Amino acid sequence: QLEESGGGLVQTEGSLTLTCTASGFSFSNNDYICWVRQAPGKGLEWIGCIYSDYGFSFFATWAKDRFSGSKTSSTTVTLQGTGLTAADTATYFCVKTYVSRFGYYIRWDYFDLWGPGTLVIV
Amino acid sequence: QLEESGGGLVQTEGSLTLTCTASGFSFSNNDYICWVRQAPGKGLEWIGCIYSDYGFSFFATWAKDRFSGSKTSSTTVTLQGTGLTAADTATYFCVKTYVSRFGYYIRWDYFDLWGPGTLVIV
Amino acid sequence: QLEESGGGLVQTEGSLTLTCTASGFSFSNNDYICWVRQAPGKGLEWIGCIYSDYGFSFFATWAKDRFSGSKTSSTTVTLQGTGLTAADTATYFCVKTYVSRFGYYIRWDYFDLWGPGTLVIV
Amino acid sequence: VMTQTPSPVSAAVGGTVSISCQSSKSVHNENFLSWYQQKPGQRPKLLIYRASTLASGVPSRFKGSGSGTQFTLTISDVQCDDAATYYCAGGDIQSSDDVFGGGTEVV
Amino acid sequence: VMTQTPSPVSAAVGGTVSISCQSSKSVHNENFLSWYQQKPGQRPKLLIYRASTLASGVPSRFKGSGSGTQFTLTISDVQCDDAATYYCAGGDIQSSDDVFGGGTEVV
Amino acid sequence: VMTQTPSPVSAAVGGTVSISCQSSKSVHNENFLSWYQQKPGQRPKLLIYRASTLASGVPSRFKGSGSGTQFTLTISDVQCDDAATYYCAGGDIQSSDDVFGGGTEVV
Amino acid sequence: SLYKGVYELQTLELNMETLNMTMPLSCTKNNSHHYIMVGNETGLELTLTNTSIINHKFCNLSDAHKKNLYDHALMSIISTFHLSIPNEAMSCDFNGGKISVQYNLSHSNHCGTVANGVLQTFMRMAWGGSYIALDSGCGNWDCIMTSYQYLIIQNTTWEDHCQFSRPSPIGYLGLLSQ
Amino acid sequence: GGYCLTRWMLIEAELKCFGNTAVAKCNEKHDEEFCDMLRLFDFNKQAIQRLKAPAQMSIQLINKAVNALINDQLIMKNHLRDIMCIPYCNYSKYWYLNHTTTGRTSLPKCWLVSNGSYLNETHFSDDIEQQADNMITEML
Amino acid sequence: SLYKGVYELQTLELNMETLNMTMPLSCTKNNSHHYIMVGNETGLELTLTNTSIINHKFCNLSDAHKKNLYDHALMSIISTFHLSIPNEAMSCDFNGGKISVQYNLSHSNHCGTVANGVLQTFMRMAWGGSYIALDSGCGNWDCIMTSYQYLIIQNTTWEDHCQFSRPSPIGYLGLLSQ
Amino acid sequence: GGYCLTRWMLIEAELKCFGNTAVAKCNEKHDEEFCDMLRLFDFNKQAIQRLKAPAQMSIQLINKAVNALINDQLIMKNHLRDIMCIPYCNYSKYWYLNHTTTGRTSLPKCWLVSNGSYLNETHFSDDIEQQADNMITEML
Amino acid sequence: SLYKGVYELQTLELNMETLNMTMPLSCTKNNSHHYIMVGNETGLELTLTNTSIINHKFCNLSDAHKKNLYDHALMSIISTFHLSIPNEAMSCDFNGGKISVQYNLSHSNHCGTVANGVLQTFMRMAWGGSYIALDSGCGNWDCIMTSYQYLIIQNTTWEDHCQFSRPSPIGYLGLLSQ
Amino acid sequence: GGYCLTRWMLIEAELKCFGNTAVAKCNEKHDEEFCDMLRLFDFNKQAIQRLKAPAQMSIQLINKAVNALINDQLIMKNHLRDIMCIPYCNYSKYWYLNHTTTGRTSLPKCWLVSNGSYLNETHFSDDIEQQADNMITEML
Ligand SMILES: *[C@@H]1O[C@H](CO[C@@H]2O[C@@H](C)[C@@H](O)[C@@H](O)[C@@H]2O)[C@@H](O[C@@H]2O[C@H](CO)[C@@H](O[C@@H]3O[C@H](CO)[C@@H](O)[C@H](O)[C@@H]3O)[C@H](O)[C@H]2NC(C)=O)[C@H](O)[C@H]1NC(C)=O
Ligand SMILES: *[C@@H]1O[C@H](CO[C@@H]2O[C@@H](C)[C@@H](O)[C@@H](O)[C@@H]2O)[C@@H](O[C@@H]2O[C@H](CO)[C@@H](O[C@@H]3O[C@H](CO)[C@@H](O)[C@H](O)[C@@H]3O)[C@H](O)[C@H]2NC(C)=O)[C@H](O)[C@H]1NC(C)=O
Ligand SMILES: *[C@@H]1O[C@H](CO)[C@@H](O[C@@H]2O[C@H](CO)[C@@H](O[C@@H]3O[C@H](CO)[C@@H](O)[C@H](O)[C@@H]3O)[C@H](O)[C@H]2NC(C)=O)[C@H](O)[C@H]1NC(C)=O
Ligand SMILES: *[C@@H]1O[C@H](CO)[C@@H](O[C@@H]2O[C@H](CO)[C@@H](O[C@@H]3O[C@H](CO)[C@@H](O)[C@H](O)[C@@H]3O)[C@H](O)[C@H]2NC(C)=O)[C@H](O)[C@H]1NC(C)=O
Ligand SMILES: *[C@@H]1O[C@H](CO)[C@@H](O[C@@H]2O[C@H](CO)[C@@H](O[C@@H]3O[C@H](CO)[C@@H](O)[C@H](O)[C@@H]3O)[C@H](O)[C@H]2NC(C)=O)[C@H](O)[C@H]1NC(C)=O
Ligand SMILES: *[C@@H]1O[C@H](CO)[C@@H](O[C@@H]2O[C@H](CO)[C@@H](O[C@@H]3O[C@H](CO)[C@@H](O)[C@H](O)[C@@H]3O)[C@H](O)[C@H]2NC(C)=O)[C@H](O)[C@H]1NC(C)=O
Ligand SMILES: *[C@@H]1O[C@H](CO)[C@@H](O[C@@H]2O[C@H](CO)[C@@H](O[C@@H]3O[C@H](CO)[C@@H](O)[C@H](O)[C@@H]3O)[C@H](O)[C@H]2NC(C)=O)[C@H](O)[C@H]1NC(C)=O
Ligand SMILES: *[C@@H]1O[C@H](CO)[C@@H](O[C@@H]2O[C@H](CO)[C@@H](O[C@@H]3O[C@H](CO)[C@@H](O)[C@H](O)[C@@H]3O)[C@H](O)[C@H]2NC(C)=O)[C@H](O)[C@H]1NC(C)=O
Ligand SMILES: *[C@@H]1O[C@H](CO)[C@@H](O[C@@H]2O[C@H](CO)[C@@H](O)[C@H](O)[C@H]2NC(C)=O)[C@H](O)[C@H]1NC(C)=O
Ligand SMILES: *[C@@H]1O[C@H](CO)[C@@H](O)[C@H](O)[C@H]1NC(C)=O
Ligand SMILES: *[C@@H]1O[C@H](CO)[C@@H](O)[C@H](O)[C@H]1NC(C)=O
Ligand SMILES: *[C@@H]1O[C@H](CO)[C@@H](O)[C@H](O)[C@H]1NC(C)=O
């Protein structure tokens, strides 16, 4: 499974690092960790995604200005956000993926395991 | 068949274009048209020969100084002679050929169809 | 067989050319002639060896300073020594060989026919 | 970019509901696909993927098809308990940041 | 350059006449050849070509052979109506402008 | 460089004598070898060579073996007439000038 | 932008199509159809499909290069494709019409598979595109997989369906650079 | 004008020429991708002008021409740069650093592509500056 | 003729024959016999004939390159001739003497025929001559026909019958420039 | 004298030599037909001097030497020029533009043949003049 | 030693071993065992012996390059060794373990024998050594004989037994320079 | 420093570098044995840094790299020099004529071996002196 931690309320013009922990299945060096958010009452959007062999950015054009990269240990992955504002309030989710196709032309196909969502208020 | 035209008497220090017309068989772009002459009472000699893809000279060492090239339409071929003298009087003939071998080293082998001769007096 | 000649007594600070003659078997251009010496009462040591296609030195580190090359006719081989001293007294022998292996890395393996020894006194 | 069937969707129990998605550009490979649903308060559940394959034991009632830019979803014998916001996902990274639909509410 | 049997040739009707040609240089290929005849006032008619092949249905009576520089012609059962000036042709273009013989008169 | 069993060797008639040689460096090929003997006043006679092969009809009584740096010789049913100084030879040219042993005296 | 005050970079682009009458050119259109121009009229289609078009495991190649060359240039192109694949199997026909071959990508999980081999050759001769279904890691020349199980190479009647990419001569020339 | 290519040879361009220094430099220098393309263009030109027939694109003729005209290593290196995610050139476009008053065109350099898109003059800044220095040196 | 006042063109000609002990050389004599020197004694004859010298459609090549090399250099030369011909059939023997092969030029009318293939190889290895029976158009590399139906390649006992042309090393070297 | 060829190596000629500048230029410059011939002459010379045997012309040895010594492209280009009726060189003769007072011999150029016959200095006028300028430039 | 006052010759030596993870390297140890590193763990042994290790005249090579590549890199290396030998026979197994081949040097007396062929290839891929049992004259490329009748090429479990010589990359690269 | 090789790349040596002139000369000049080795070292470096896997030494990848990076003629010529008892180079060692105050390192020359042993500076005296003159000429 995927377990969330690092949620709660933070102040605006601030920062927050979100965390996802592996359970049973440890992480490999592949693009198996990916992240999304949704403001309550809103649909889901991509924030960014995670590859463990080398730190990859993978950010939405939007997300990249406030969303920094991540730590990728065998069981714990940490996502640092900075310059956060109230509008960033959302339920955030860690999802296991087989989503990324790896030639230079990267494609999105098939998300698998979802973690419980965590509520982040800014 | 091969039909002749353009004969008759001309003056010396002059010119005359002789003509051969295709009948039934139109001309291809190959070396299928060739010409000879004989003064009455004399044997036959080569004047020059004709290839239709590109104007080729093909002249006897002798002929080349007074014998110019030719027009090669699908049915009509025209031979221009200039600087003609009385000694050029002969019966001229258009002959269909499969005569020329085409590697750079051109050879003479097998003339086929003959036209009626035409008498040219200078 | 192999026959010896050119022995006898010579003076010190001198020279002597030793000779071996082919009998029955003429010499080829290969390394089939080889030479050794032993002082009476002493064991055998290499002096040098002979290849007939081209004059080869083949000398013992020791021998090379006083032992010069040789003539190699089809039946007669001659060994020139110079700067000879009393200590060079020995019985000398001509031996037929298949001894030398010919890649650049020359090896010694299997001597065959021996000639009578010849006594040389300096 | 992705669009989707209008949000005010409902159905009676039994039979089907009509759900659809469309991209602005054909998908890299027409056998790439993700349909999923989210019941309010729940994490997303994958239903249909790739060449309309069902994921993780979800009911056989979930069906879909399509190619290029347009794909559909329908569920047989719809239950009141299937009420969820329904979504499509997939896309090329170079073509878009939005690899998820907005969601259609199905009552 | 080409030479030929002397010009004053004649024959009785029936049997044969001896006709021959010779080049200064061997022909490019010994299977290249043209024998032909011209009756006075007529256009030339090809008789024998390449490896002594008869052209255009001419009588089987026309025979010939040769190689290199020298070739011959003879006609069986010669007729008075075969009287013609007889010729050889062929050659290499680089070697000569004369690719025709002078002609031998056969009565 | 080559060494050898001590020089004061003797044997009774019948049975064997123990003779041995050793190089400082392994021979280029372990199948390279020469054992020979010299009776006083005589030219050398080859006995054993390469992979312990007997040369030129010498008695079957001559035996030997070895590899690398060390080889041995023994002669069955030794005769008084076999008394000779016994030697080894062979080697690489780059490794040594001494391609012969010193000799062991066998009575 | 002038370098050292006076040097401008002109950028010129080539009409690769101008070369169509002397040498084969490769152009990719959409994600399932790629092709080679084999002249000013005739072409060659490369299709990525999951359809078992050719079930002729035994290919009747007797006399394929001898008695009937429907297009001798085309048979030579098809043969070089095959020949540049390192190490295994193919189904085909080529009798009468149907001038085609099918390569099946089949494997029981490692690099250097039969699928990897055909895909490398395919990619190179369709180079300057063919990143489609480039299911490979970076630098992993021999780990290239694709999404479809079959590659069908067949004769076409057109030279002009080129959009998306450019009919580059590089593909065929590279194919033969052995 | 050295080897001039017309509007039917260049895509969406008028006829272009250059000074003979560049052709001499193409023939003397090794491992230049645009030179192989020029050889193919001239080859095509002549092959058709002489052939004058439907018997086009004989594979044996082109294969021999390729062995004679094309550097196999330029092709392989470029393909390996591609697999390695190293910018590589396809041959549609070339860079022509050119002196604007004298018309002095340097040997064309190929234009490298990164992740399916052309790189900027920024990425080629060093190559461009080096060539500009070389052009000055050669002119002086 | 002095260029710039001081530069003269010397013209030197090579004794290609000097190379006879290290590399094969090709010389053409008359229009039916061409040959390769394969040394300072032994040669190889190439004859253009219409005679069915070898009717051995089935060529007994078993052990041809293994049990008896009458001349191992010669068998290698003959084999490279064959190998450089693109795409079909040959008759031959090589058992005991008769160290020869016959190529038959046979066709039912187009370019790229079997005759064209053997003639191209033949011409190249006999290059610097062999314009004889060069029944081809200009630039038409693959349309080369000849006058004779057979080419017989056979072992000879001489090195010196060279007139007309020059025994150039180019032919054999070019033959192998694959 | 660089690489001197004797009367037994040149046909109907005495021994010829040249200054070392030309051998250095042969080794440094690429695609020069006479260089391949020189490599073959030296190869032949040594092969026999070392072999000293009837076991001559081993095909495997010459094939390897050819791969090492001979430029396959010079051969193929020349053969294609021939089929195309473009003057081409066989290797019997070479042009040696040579300074008559200093003995400065340029790298030999091959002598092109047209329709089975050698071309004149007229046809090579441009190549000759260009080489003469190059010789002057190198001397200064 | 300074040339022109200021130029010194530095002499640098390469850590050829550093290249072990990307390309095969050849090192000779003693006079009967020579080998190729095929990585940072696995190797390949070349042994000179008079022992008939492999009597499998019929080698079960079916599927050798297809169904089970114990080491696909290794099978490729072994195959290139074979392929670079000019012209004849070999015994081998390769089923399960025993990933090996035996070359027998057998001849009924001349140059260009089967033994000469295998030895030339062997020497080149083990070049920079392999003067051992170099029973050949100077310049006699095709007269190379050796002392042992068999060469056995087999899979090993180590990369590090290198003394005597250096694991040079030249051998394998030269082997394939066709 | 051009292409610097570390202590893990050189044997029993510390890290070594050279001025960029030498790398430019390596890339421009042909038939230099050390250049092929440099290409292999860089190739190895990248192949592992990118691969990050047990799937090492793929033969197909190295073979293609070799065709692209390695001059087959340098290898064959050196092997034939060996059979001919002509000094030849293995690649363990190279000569680096180097200016001691400026650090100007010439393109490395290979160190020839005779009868299994290295030749002296005496045997290379001419090559060394010639290179020293070339270094001076280039510096001026
Ligand atoms: C080809 O594309 C790659 C794509 O890499 C990036 O990450 C992917 C996961 C996607 O999200 C892509 O959309 C995204 O662009 C380019 O690689 C990246 O290049 C940039 C520089 O242009 C690198 O940034 C630097 O990283 C170093 C790290 O030490 C910092 O010190 C620098 O200050 C700077 O931030 C980025 O790390 C790199 N990404 C990866 C995963 O390596 C690539 O440049 C592009 N072009 C070419 C020729 O390959
Ligand atoms: C190789 O041989 C060809 C042979 O061409 C000629 O025509 C054949 C049919 C035979 O009769 C041959 O004996 C004869 O020479 C040479 O080609 C010819 O070259 C000349 C120039 O040397 C051309 O003349 C020019 O033509 C242009 C036409 O626009 C005029 O403007 C010029 O003023 C001048 O008259 C001639 O046209 C050309 N012939 C053909 C058919 O193309 C060829 O030069 C020769 N050498 C080489 C290297 O190929
Ligand atoms: C290309 O190769 C693939 C290999 O995957 C071929 O697909 C495979 O075909 C076989 C034979 O039809 C299938 O075997 C089946 O096994 C079951 C029992 O497990 C049996 O009940 C079936 O009747 C059949 O024998 C195999 O499953 C199938 N593999 C996959 C992944 O689908 C394919 O046929 C090849 N394509 C062609 C036409 O070359
Ligand atoms: C070499 O790689 C470059 C990429 O750097 C390729 O250039 C691209 O070519 C396509 C051709 O289809 C251009 O597409 C254009 O799209 C617009 C859409 O509105 C359409 O109107 C145009 O008519 C055209 O189809 C694309 O813009 C262009 N990219 C860049 C950066 O210039 C090039 O084709 C490749 N060449 C080879 C030989 O592979
Ligand atoms: C080289 O190939 C040519 C192909 O032309 C061979 O010549 C051909 O040989 C066949 C078989 O003898 C001839 O067939 C004949 O057909 C008639 C009926 O039409 C029949 O009555 C005859 O008994 C015979 O079967 C064919 O005509 C002939 N072709 C030509 C143009 O002459 C030739 O044999 C081959 N040469 C060798 C020996 O390889
Ligand atoms: C390269 O092509 C040239 C043609 O430009 C060839 O030169 C020609 O070689 C022949 C050799 O037989 C010379 O023939 C001579 O004929 C006279 C006749 O009286 C005879 O007395 C001589 O002894 C000799 O046989 C011919 O003149 C010469 N042509 C020219 C223009 O110099 C050359 O042989 C070809 N080289 C190669 C390697 O193919
Ligand atoms: C490698 O090739 C050599 C060829 O020398 C093979 O050695 C030879 O093997 C045959 C068959 O065993 C021996 O034949 C024998 O002939 C005698 C009569 O003369 C007979 O009584 C024996 O029973 C046997 O048939 C032959 O003498 C022998 N040659 C030598 C020099 O020893 C060897 O077997 C091959 N190695 C392998 C295993 O590939
Ligand atoms: C290229 O050829 C040279 C010969 O010029 C080879 O150099 C030699 O390499 C061996 C390596 O085993 C050195 O042996 C040494 O022996 C002493 C013995 O006391 C030992 O203590 C050392 O550890 C080492 O094993 C030998 O001295 C050396 N020779 C020279 C003249 O330097 C070189 O290895 C060959 N390289 C290649 C790639 O083939
Ligand atoms: C290199 O620069 C020169 C000079 O600016 C260019 O020459 C001009 O080309 C245009 C057509 O493209 C003509 O209308 C001008 O008259 C030319 N100028 C001069 C002074 O002649 C040249 O085209 C450029 N090279 C390339 C490859 O684009
Ligand atoms: C393929 O070739 C056959 C030859 O019989 C022809 O009839 C068919 O139309 C061709 N098909 C295409 C698509 O080119
Ligand atoms: C061809 O080789 C055989 C070998 O038995 C020999 O007898 C014959 O004389 C040779 N013939 C020619 C013409 O060289
Ligand atoms: C050779 O490969 C087999 C594969 O089954 C393995 O069991 C064996 O240990 C290997 N042997 C060596 C010496 O590497």
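- As recorded by the PDB entry, chain H carries the name GPC-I53-50A and is attributed to Lassa mammarenavirus.

- Chain D appears in the PDB entry as LAVA01 mAb - Light Chain from Oryctolagus cuniculus.

## Examining the overall build of chain H
Line of reasoning, step 1. In terms of regular secondary structure, chain H is built from five helices and four strands.
Line of reasoning, step 2. Counted from the first residue to the last, chain H has its helices and strands arranged as α-α-α-α-β-β-β-β-α.
Line of reasoning, step 3. Dimensions along the principal axes, computed over C-alpha positions, put chain H at roughly 45 × 40 × 30 Å.
Line of reasoning, step 4. Pairs at least 24 residues apart make up 48% of the contacts formed inside chain H by residues separated by at least 6 positions.
Line of reasoning, step 5. When the accessible surface of chain H is summed, it comes to about 6900 Å², and 50% of that surface belongs to carbon and sulfur atoms.
Line of reasoning, step 6. Averaging the locations of the 14 positively and 16 negatively charged side chains of chain H gives two centres separated by 10 Å.

## Considerations on the environment of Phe164(I)
Residues and elements named next belong to chain I.
Line of reasoning, step 1. Assignment of secondary structure puts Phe 164 in the loop between β8 (150–156) and α3 (170–175).
Line of reasoning, step 2. Spatially, the C-alpha atom of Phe 164 lies 8.9 Å from that of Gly 129, the residues being 35 residues apart in sequence.
Line of reasoning, step 3. Once you skip the residues sitting within four places of it in the chain, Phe 164 turns out to touch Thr 28, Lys 29 and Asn 30.

## Some words on the pairing of strand β4 (residues 34–38) of chain D
All names here are of chain D.
Line of reasoning, step 1. The sheet contact formed by β4 and strand β5 (residues 45–49) spans four bridges and is antiparallel. Its bridge partner being in β5, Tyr 36 is matched across the sheet by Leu 46.
Line of reasoning, step 2. Pairing between β4 and strand β9 (residues 84–89): five bridges, direction antiparallel. Paired with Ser 34 across the strands is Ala 89, a residue of β9.

## Brief notes about the side chain of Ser177(K)
Line of reasoning, step 1. If you trace the backbone, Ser177(K) turns up in the segment after α3 (170–175).
Line of reasoning, step 2. Other than its neighbours up to four places away in sequence, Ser177(K) contacts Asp72(L) and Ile75(L).

## A word on the sheet that holds strand β8 (residues 150–156) of chain K
All names here are of chain K.
Line of reasoning, step 1. One open sheet holds the six strands; their spatial order is β3-β4-β5-β8-β7-β6, and the pairing between them is antiparallel. Only two strands of the sheet have a single neighbouring strand rather than two, namely β3 (25–28) and β6 (91–92).
Line of reasoning, step 2. Judged from the four bridges that link them, β3 and strand β4 (residues 33–37) form a sheet pairing that is antiparallel. From the neighbouring strand, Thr 28 faces β4, where its bridge partner is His 34.
Line of reasoning, step 3. Against the sheet, helix α1 (residues 72–83) contacts β5 (43–49), β7 (100–104) and β8, and its axis sits at roughly 165° relative to β8.

## Here's the deal with the packing of aromatic side chains
Each aromatic ring pair is described using two quantities: the centre-to-centre distance and the angle formed by the ring planes.
Line of reasoning, step 1. Both rings, one in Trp111(J) and one in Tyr118(J), keep their centres 4.3 Å apart while their planes meet at 35°; by these two values the pair is tilted.
Line of reasoning, step 2. Each member of the aromatic cluster is reached from another via a ring pair, and the members are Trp95(H), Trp111(H), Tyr118(H) and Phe124(H).

## Looking at unusual backbone geometry
Line of reasoning, step 1. The residue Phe58(A) is not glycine, and still its phi comes out positive at about 50°.
Line of reasoning, step 2. With respect to the helices and strands, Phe58(A) occurs in the loop between β5 (45–50) and β6 (67–72).
Line of reasoning, step 3. Even without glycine at this site, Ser130(G) takes up a positive phi of about 55°.
Line of reasoning, step 4. Tracing the backbone shows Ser130(G) in the loop between α2 (114–125) and β8 (150–156).

## Let's talk about the packing of helix α2 (residues 33–51) of chain L against helix α3 (residues 59–69) of chain L
All names here are of chain L.
Line of reasoning, step 1. Running from amino to carboxyl end, α2 crosses α3 at an angle of 145°, the nearest separation of the two axes being 10 Å. In this structure, the crossing between α2 and α3 has a hand that is right-handed. Contacts from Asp 36, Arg 39 and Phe 43 of α2 reach α3 at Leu 61, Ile 62, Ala 65 and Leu 69.
Line of reasoning, step 2. The class makeup of the residues in the contact of α2 with α3 is five nonpolar, no polar and two charged.

## A short note on the packing of helix α3 (residues 59–69) of chain H against helix α4 (residues 72–83) of chain J
Line of reasoning, step 1. For the pair α3(H) and α4(J), interaxial distance at closest approach is 8 Å and the crossing angle is 135°. In this view, α3(H) runs oblique relative to α4(J), as classed from their interaxial angle. Crossing hand, α3(H) versus α4(J): left-handed. Facing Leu61(H), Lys64(H), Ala65(H), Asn67(H), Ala68(H) and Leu69(H) of α3(H), the residues of α4(J) in contact are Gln73(J), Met76(J), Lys77(J) and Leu80(J).
Line of reasoning, step 2. Class assignment for the residues of the contact of α3(H) with α4(J) results in six nonpolar, two polar and two charged.

Each value, and the rule that gives it
Every chain's residues are listed with numbers counted from 1 in the order the sequence is written; these need not match the entry, and residues without coordinates are not shown. Here the convention is simple: chains get letters from A, ligands get numbers from 1, in the order in which they are written. Side-chain measures were taken over the full set of non-hydrogen atoms in the model, leaving aside hydrogen atoms and water. Residues with missing side-chain atoms are left out of burial classes, side-chain pairs and their counts. Think of it this way: any DSSP run of H or I at least four residues long counts as a helix, any run of E at least two long counts as a strand, and we number them from the N terminus. Any two residues whose heavy atoms approach within 4.5 Å are treated as being in contact. We get accessible surface area from the Shrake-Rupley algorithm with a probe of 1.4 Å; when it comes to residues, only the shown protein chains can shield them. Counted as positive: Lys and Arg. Counted as negative: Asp and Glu. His and the chain ends are not counted at all. Charge positions come from single atoms, namely NZ of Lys, CZ of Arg, CG of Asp or CD of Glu. DSSP bridges decide pairing: two strands pair if at least two such bridges lie between them. In this analysis an axis means a line fitted to C-alpha atoms, helices contributing only their contacting stretch, and an angle means the value between N-to-C directions, from 0 to 180 degrees. Side-chain rings of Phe, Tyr and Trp (the six-membered ring for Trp) are treated as a pair once their centres are within 6.5 Å; stacked means planes under 30 degrees apart, edge-to-face means over 60, and tilted covers the remaining angles. Left-handed describes a crossing in which the near helix is turned anticlockwise from the far one by less than a right angle; the clockwise case is right-handed. Residue classes follow a fixed rule: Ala, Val, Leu, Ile, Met, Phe, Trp, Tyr, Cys and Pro count as nonpolar, while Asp, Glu, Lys and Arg count as charged, and any other residue, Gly among them, counts as polar. Here roughly perpendicular refers to angles of 65 to 115 degrees, roughly parallel to angles under 35, roughly antiparallel to angles over 145, and oblique to all remaining angles.

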